[PDB]
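The primary structure of each chain is shown beneath.
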Amino acid sequence: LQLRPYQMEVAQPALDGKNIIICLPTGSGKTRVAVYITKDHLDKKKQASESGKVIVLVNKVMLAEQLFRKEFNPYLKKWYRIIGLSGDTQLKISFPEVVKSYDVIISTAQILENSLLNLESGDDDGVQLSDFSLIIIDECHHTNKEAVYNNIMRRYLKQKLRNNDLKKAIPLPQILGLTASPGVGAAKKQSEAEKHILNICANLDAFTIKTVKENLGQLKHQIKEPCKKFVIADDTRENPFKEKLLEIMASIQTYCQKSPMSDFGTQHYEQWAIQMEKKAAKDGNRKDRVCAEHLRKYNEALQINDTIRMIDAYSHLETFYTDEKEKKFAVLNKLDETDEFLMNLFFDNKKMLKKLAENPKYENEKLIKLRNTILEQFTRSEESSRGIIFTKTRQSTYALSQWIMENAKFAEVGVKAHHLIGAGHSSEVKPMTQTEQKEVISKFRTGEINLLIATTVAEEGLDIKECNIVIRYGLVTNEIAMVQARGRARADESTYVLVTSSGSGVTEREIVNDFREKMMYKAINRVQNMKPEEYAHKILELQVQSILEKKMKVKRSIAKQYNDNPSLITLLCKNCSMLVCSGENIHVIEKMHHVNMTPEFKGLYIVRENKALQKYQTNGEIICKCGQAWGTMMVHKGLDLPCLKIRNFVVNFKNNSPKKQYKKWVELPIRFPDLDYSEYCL
RNA sequence: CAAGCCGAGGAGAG
RNA sequence: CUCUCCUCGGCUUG
Ligand SMILES: Nc1ncnc2c1ncn2[C@@H]1O[C@H](COP(=O)(O)OP(=O)(O)NP(=O)(O)O)[C@@H](O)[C@H]1O
Ligand SMILES: [Zn+2]
């Protein structure tokens, strides 16, 4: 391992106590300075006959294996014992015991918190911080309100204040936070920015920040920025299609008699549709809620039309209505006035919309703009042409990947492309799996795919190869994502583009984040040059305030929903105001999954075979007689006992009918009994 | 590989 | 404070 000139000075105070933060730019060898500090700490604690254990904390799963393979093990295999832990191994089970060996631990975080609270809640073995001598951290800037890793530090600070009251002493460990930039936390002034930086430093018990300032030229030579760049377009033709949908929506409303006080093709209208649906369901009146459920789909179609082709919206709708027709046929294998009206309104115009959509006379601007942007680079760079795209949604990524596969020009220039999204199981899309992600990364590194389409997955964590033409298509989150993307593009003649529309304030937000970036550095300078006594005074005040802001939050949120009422309810279907279950019939397995095993509920539903699995069904999707999907099948002890949700159902209390929607099971106060086979059997 | 439970952060709009 | 979008983590059934 090598010791750069400028990494030295930033690391230097850490080597003798002095818990600190380190903010360097991106690509400056952050992991490697971590490694060096580790080796020093351990060699030191050996030379003094003192036990030395370092633990690395990360936020993601892949960075653990990552750092185990590339940085820590290749250099410290020979002197010390290393390991890498996560939620995707089997070493989680005896975590108190791996500590008894393996002087270098890498870990996902909440492993640790689980073990601490197990030591402090049950009679398990567990662990405390006293069994360490260093905590290294990646991505400092997540240390904010009740995240994970701040429990850790609130406990560290609690014990530190115990030590300080003792002084007027357990040996507490050392802490070394590493980041790219701690970030201004949503503050409209330089002073509140300062306050936020100090809040971070208190939540890490720091002594300084240690930005590089002296050996700066070596950085500028070894490390460089891309060039910021904007590309803007404007559109007022909307020629056949938009109005062809606004007509439909207007017709539906004037069939429903609901006045939005708002516009078509935006986000407030959506919120109205939601609360109207929820109200109609709490009341029970149809003709309003199902229509709302469709209007939401139309609004989504218009929003994606603002960014994506008409054909993608037409397809989105085709999928929706095709599914609904299949549902009604599976049920009927009756035809209310509502659904009949809606279908008759849609399918008559289906062929028209298909004709209007395929019309290259007016496709879109931003797509053409990025066409020009992309072709410029891949004509310039010629087989060293890596590429990245950022967008907001997942469906957009599928659409863009499809298009770049379809249009000949992009394939001509060697533009081999793949999509990428996250593994969260929500949001009406089939997510990806970690394996597909890692494979795509290795394909990018290999060179199979020249450009990647991504959501906010790409701006942090996983280690993509250095790039050229990072762009930004309809996304401005905050300064952090801005800088982290801005730190991808090495490989000279790099850029950082932003592609937006005219009448949607985005360049606004881009500029705001630029000013925030320029502000946090001023605040860093304000605090590094702060006097030590005043700095100490302020961090002590903030640590006290943070620990007091925990206690209160603890006092008002012990349970907040505790009234356990076994069967005081009835669960109805939300589409059709129809009985489905009572609360007594329901039970729980492994105190997590809710389920019912009475034959009355058995006969009411229908199973529609899986499209997720076709990409032999194992987990059927339930539907009603009406058509509203309810749940999913489940296999407990071979019993195909069918699970369910509480997002599609409605509640009716027996007393006075404040019917409510909950969106998930924990929110409601009442408790349900555990399962046991004594019922239906014996 | 599929299903689901809980928690957390960020951003928009209101 | 609510809704939507996005990401992440831990945990269970198969
Ligand atoms: N001190 C060092 N000496 C030699 N090579 C280094 C050093 N630090 C980093 N490298 C090289 O830089 C690459 C890994 O470091 P780097 O690119 O900073 O990854 P990183 O830690 O993820 N940067 P970042 O994305 O900001 O966290 C490899 O090609 C290493 O060979
Ligand atoms: Zn129903």
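Residues numbered from 1 in each chain as written, not as in the entry; some residues may be left out. Chains lettered and ligands numbered in written order. Heavy atoms only, no water. Residues with missing side-chain atoms left out of burial classes, pairs and counts.

This deposited entry lists cryo-EM as its structure determination method and 3.68 Å as its resolution.

Trainee: Looking at this model, I keep getting lost on the domain arrangement of chain A. Mind explaining?
Mentor: As a measure of interface size, the accessible area lost when the parts come together is often cited. Entries for chain A in the domain assignment read domain 1 (5–221 + 530–549) and domain 2 (240–357). Placing the centre of domain 1 and that of domain 2 at their C-alpha centroids yields a distance of 51 Å. (Domains from an automatic or database assignment.)

Trainee: Looking at this structure, how should I read the protein's contact with RNA strand C?
Mentor: The environment of RNA strand C is formed by 29 residues, the closest being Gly87, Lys392, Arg394, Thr456 and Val635. Counting only the atoms of RNA strand C that lie within 4 Å of the protein, the sugar and phosphate share comes to 96%. One of the backbone nitrogen or oxygen atoms of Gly87 is found 2.7 Å away from a phosphate oxygen of RNA strand C. For RNA strand C, a sugar or linking oxygen lies 3.1 Å from a polar atom in the side chain of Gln110. Where the surface near RNA strand C is concerned, the elements lending two or more residues are α5 (110–121) and α10 (268–283). Of the residues assigned to the surface near RNA strand C, the class counts are 7 nonpolar, 13 polar and 9 charged. (Near = heavy atom within 4 Å. Polar contact = N/O pair within 3.5 Å; in protein donor to acceptor, adjacent residues only side chain to side chain. Helix = DSSP H or I, 4+ residues; strand = E, 2+ residues; numbered from the N terminus. Nonpolar A, V, L, I, M, F, W, Y, C, P; charged D, E, K, R; others polar.)

Trainee: I keep staring at the UniProt feature "binding site: Zn(2+)" in chain A and nothing clicks. Help me out?
Mentor: Those places that UniProt annotates as "binding site: Zn(2+)" correspond, in this numbering, to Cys573, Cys576, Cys624 and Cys626. Looking at the element boundaries, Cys576 is found in the loop between β12 (569–573) and β13 (578–582). According to the relative accessible area criterion, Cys576 is buried, its value standing at 13%. Not counting residues up to four positions away in its chain, the partners in contact with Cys576 are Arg286, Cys624 and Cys626. Residue position: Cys624 is located in the loop between β17 (621–623) and β18 (631–632). With residues up to four places along the chain from it excluded, the contact list for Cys624 reads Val331, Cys573, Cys576, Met578, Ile606 and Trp630. (UniProt positions renumbered as here; feature names shortened; annotations may be inferred. Buried < 20%, exposed > 50% of the residue type's maximum accessible area, 1.4 Å probe, protein only. Contact = heavy atoms within 4.5 Å.)

Trainee: Teacher, can you tell me more about the side chain of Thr108 here?
Mentor: For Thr108, the location among the structural elements is in strand β4 (residues 104–108). A polar atom in the side chain of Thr108 sits 3.3 Å from the backbone oxygen of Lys60. Other than its neighbours up to four places away in sequence, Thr108 contacts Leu57, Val58, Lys60, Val61, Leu85 and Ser86.

Trainee: Is there a simple way to explain the sheet that holds β13 in this structure?
Mentor: Strand pairing in a sheet is mediated by backbone hydrogen bonds. Such pairs are either parallel or antiparallel. Spatially, the 3 strands line up as an open sheet ordered β13-β12-β20, and their pairing is antiparallel. The sheet terminates laterally at β13 and β20 (649–653), the two strands that pair on one side only. On average, each strand axis in the sheet is tilted by 40° relative to the strand beside it, whichever way the strands run. (Pairing = 2+ DSSP bridges. Axes fitted to C-alpha atoms, helices over the stretch in contact; angles between N-to-C directions.)

Trainee: How should I be thinking about the site of ligand 1 in this particular structure?
Mentor: Near ligand 1 you find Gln2, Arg4, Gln7, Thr26, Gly27, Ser28, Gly29, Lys30, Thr31 and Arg32, and these make up its full shell. At 2.6 Å, a backbone N or O of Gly27 approaches an oxygen atom of ligand 1. At 2.9 Å from an oxygen atom of ligand 1 is found a main-chain nitrogen or oxygen belonging to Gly29. In isolation ligand 1 has 620 Å² of accessible area, and contact with the protein removes 64% of it. Of the pockets mapped on this structure, ligand 1 occupies the second largest pocket. No other element matches the 3 residues that helix α2 (residues 30–47) contributes to the shell around ligand 1. Residue composition of the shell around ligand 1, grouped by class: no nonpolar, 7 polar and 3 charged. (Areas by Shrake-Rupley, 256 points an atom, 1.4 Å probe, with all protein chains shown as cover. 1 Å grid on protein atoms, 1.4 Å probe; cavity = no way out; pocket = protein on both sides within 12 Å on 5 of 7 lines; lining within 4 Å. Sits in = over half its atoms within 2 Å of the grid points.)

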